């Protein structure tokens, strides 16, 4: 029975409360000196602090590295009503070559600095020496707002000899070893951090950032006294939970399915990022693919016959998941996806594939809701407030564009967060505006 195979994806409320409590426990472990180093949830102080210690105005360069495409953009920051407006003015996107991303650090950052030029020249501006904000969507141990070493690549990145190294250095070398231009690199932030920062003008309650895109992560404003790895008890600092690695010490073992185990084993980073592998768009289409393969090996789908493409890793794209679940019921979208994959599905084949899609994506919404509710309830407790009103800034294609993910996600987080009133804001150019606003504050020292 297909329903019996799909039922393995369900999570009961008690399963979610369990996931939630365990996440809260790992978050606490990551923050404490005695456990931070062994912690699966690393809880990385980011050096982004509360209060407006003045902001510079003008134009800022923003880099965005964290997918196969790299982005360079210009953001103009200025003074006003609530404070500082920000707006992307010029933007250019760049694909990284196959052998550039598998090259070396020094090399990849050369392709990156090269790309900064194709943008600088192509916009009448190689002569400018701009402040630079770098959104870099990989786990970094910060020493400061402008200094921090990459702990490891995630999401299938692999450039050699980049791990263990100050990432801002690597970038300032490619800037020297280019002669071309001069840029001052003032801040490196995680994408979660940028997204939250980008909503803060519109909403001063925005103190969490969450990405549900290719990967899955969040950050939030922690009490400085709770942040044991930075001296000081005063104010708040932003903590990059890196919750993607929740489960890398076995915390999700009772939930993982044969599909999860296979995605993990054939991944670039086996044994790591296990929570993220349940949720992120890098993995969601692959999960459905494996579920489809299981259904077929059992003769419950495509009369037990799978195409060449269907048996290939990566072929069931995450965007297909989202398109399958947008089908209006006439099966046209489903049929056209499958047919392109060299399949000839029946009416019941289409409906099964839809069901497989719903199961994978519902489980990602719910699994993700437990992570966030854990963050929100911790913060409600830390701040000692009765009804906590909080805004979460959110970005990522899974959340923004999968037709039912956001609604299932919001319903499930609200269920797990009594006495919290959560406002969700989808960020508008969160990466670039976010890196720009941090930059503009980091430009009060210099």
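Numbering follows the first chain given and starts at 1. For clarity, a rigid core is taken as the largest C-alpha set superposing within 1.5 Å between two forms.
Asker: Once the rigid core is lined up, would you tell me whether 165-173 or 254-262 has the higher RMS CA deviation in 8 other deposited structures of this protein?
Answerer: More C-alpha displacement in 8 other deposited structures of this protein shows up in 165-173.
Asker: Comparing 265-273 with 131-139, which has C-alphas lying farther from the shown form in 8 other deposited structures of this protein once the core is aligned?
Answerer: Between 265-273 and 131-139, the one lying farther away in 8 other deposited structures of this protein is 131-139.
Asker: Counting only other entries where the flanking residues are modelled, do a third or more lack residue 83?
Answerer: Affirmative; at least a third of those entries omit residue 83.
Asker: Look over 315-323 and 164-172 in the entry and identify the one with the greater average Cα temperature factor.
Answerer: Stretch with the greater average CA B-factor: 164-172.
Asker: Taking only the CA atoms, which stretch has the higher mean B-factor in the record, 328-336 or 217-225?
Answerer: Between 217-225 and 328-336, it is 328-336 that shows the higher mean C-alpha B-factor.
Asker: Going by the CA temperature factor in the entry, name the top one among 279, 116, 268, 238.
Answerer: In the PDB entry, the greatest C-alpha B-factor among 279, 116, 268, 238 is found at 116.
Asker: Per the coordinate record, which of the options 141, 363, 204, 126 holds the highest CA temperature factor?
Answerer: Each of 141, 363, 204, 126 was compared by C-alpha B-factor; the highest is 126.
Asker: Residue 35's Cα B-factor: lowest, middle or highest third of the chain?
Answerer: Middle third.
Asker: For the chain shown, is the CA B-factor of residue 41 in the lowest, middle or highest third of its modelled residues?
Answerer: Answer is lowest: the recorded C-alpha B-factor places it there.
Asker: Can you tell me whether residue 192 has a C-alpha B-factor in the lowest, middle or highest third compared with the other modelled residues of the same chain?
Answerer: It falls in the bottom third of the chain.
Asker: Give the position of residue 134 by CA B-factor within its chain, expressed as the lowest, middle or highest third.
Answerer: For residue 134, the deposited C-alpha B-factor lands in the middle third.
Asker: For residue 284, does the deposited CA B-factor place it in the lowest, middle or highest third of the chain?
Answerer: Bottom third by C-alpha B-factor.
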